[PDB]
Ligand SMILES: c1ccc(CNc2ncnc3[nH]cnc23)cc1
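As a starting point, one isolated chain is supplied in structure tokens, in the form solved without the named molecule.
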């Protein structure tokens, strides 16, 4: 019958032996297993999304993106297991390269050399350039979404919150709430942004970089507005012309109402960090999203010159303009669309 893992059913069938449980989630469960056709241990997350209309949007988005992206710094999909019919399908299993750890697990325990920090940051930017070249925004870059194997190869995962970029419809009101992880939110998310620009991802990488320099998140806000307060605590009060790009008065006046606080110098917060690294951190974490450095510009920064090579930093061939309108879609057209996009892995194809 179906083999079990910590109680639940985990029937990944005759290609994947020797189940070895790793973790859980709201609808996830991930296990180690032996891939008999290719003789390598692989990862498998078992998604059970079809009850919540919001979980199918996150599942169809990840699956669609991941299959079209092919990049050494973005996790791929090796296989997909589901039932042969739509109505027998209660689960979808995604087979990925097994990855021993992630940056979150590693920052909790290991203190990174400057060579490691430089290398991990290069790998993030190089895969991000491919994402942005496909006109995709990740929107949830944090350490736990950066996998690593035992030779410190880095791969970006979990495109569940990703959108096709849309800079012309990015503006919104003050305190317009947001799904992505709080500690890595750009300040403009809390002021006037829906997170539909590429600059939303650079800020998160900036945050990852700061956390790599010190094994500590730089802006650990505890609720939605403390986040903005943490950022201004270190960047200092936004300049006049910075404020002169915030047209929304509810956001502009909140900023005016705060007492003047001085910039905290980076060399102070990170006094054994490479000075080249602090200067790029500066450009990645500029308050003004338009002043903020772009991904390809970050790759050509002197801090990464030992690795920089634009001919070896590939861009996507197939960009999206298919924002796919997934959230005007009922229970069933999501399930039927997840069913259709996985067909290329079913036997008889």
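Numbering follows the first chain given and starts at 1.
Below, we refer to the form deposited with the named molecule bound, which is not included among the displayed structures.
Shown alone here, residue 9 lies farther than 4.5 Å from the named molecule in the deposited bound form, counting heavy atoms only. For the chain shown alone, residue 97 is a contact residue for the named molecule in the deposited bound form, at least one non-hydrogen atom being within 4.5 angstroms. For the chain shown alone, residue 316 is not a contact residue for the named molecule in the deposited bound form, no non-hydrogen atom being within 4.5 angstroms. The shortest heavy atom separation between residue 75 and the named molecule in the deposited bound form is within 4.5 Å. Partner contacts here mean any heavy atom within 4.5 Å of the named molecule in the deposited bound form, and among 186-194, 97-105, 224-232, 254-262 they occur only in 97-105. Residue in contact with the named molecule in the deposited bound form (any heavy atom within 4.5 Å), chosen from 293, 65, 299, 43: 43.
When you look in the deposited bound form, the only residue of 341, 327, 24, 332 with a non-hydrogen atom within 4.5 Å of the named molecule is 24.
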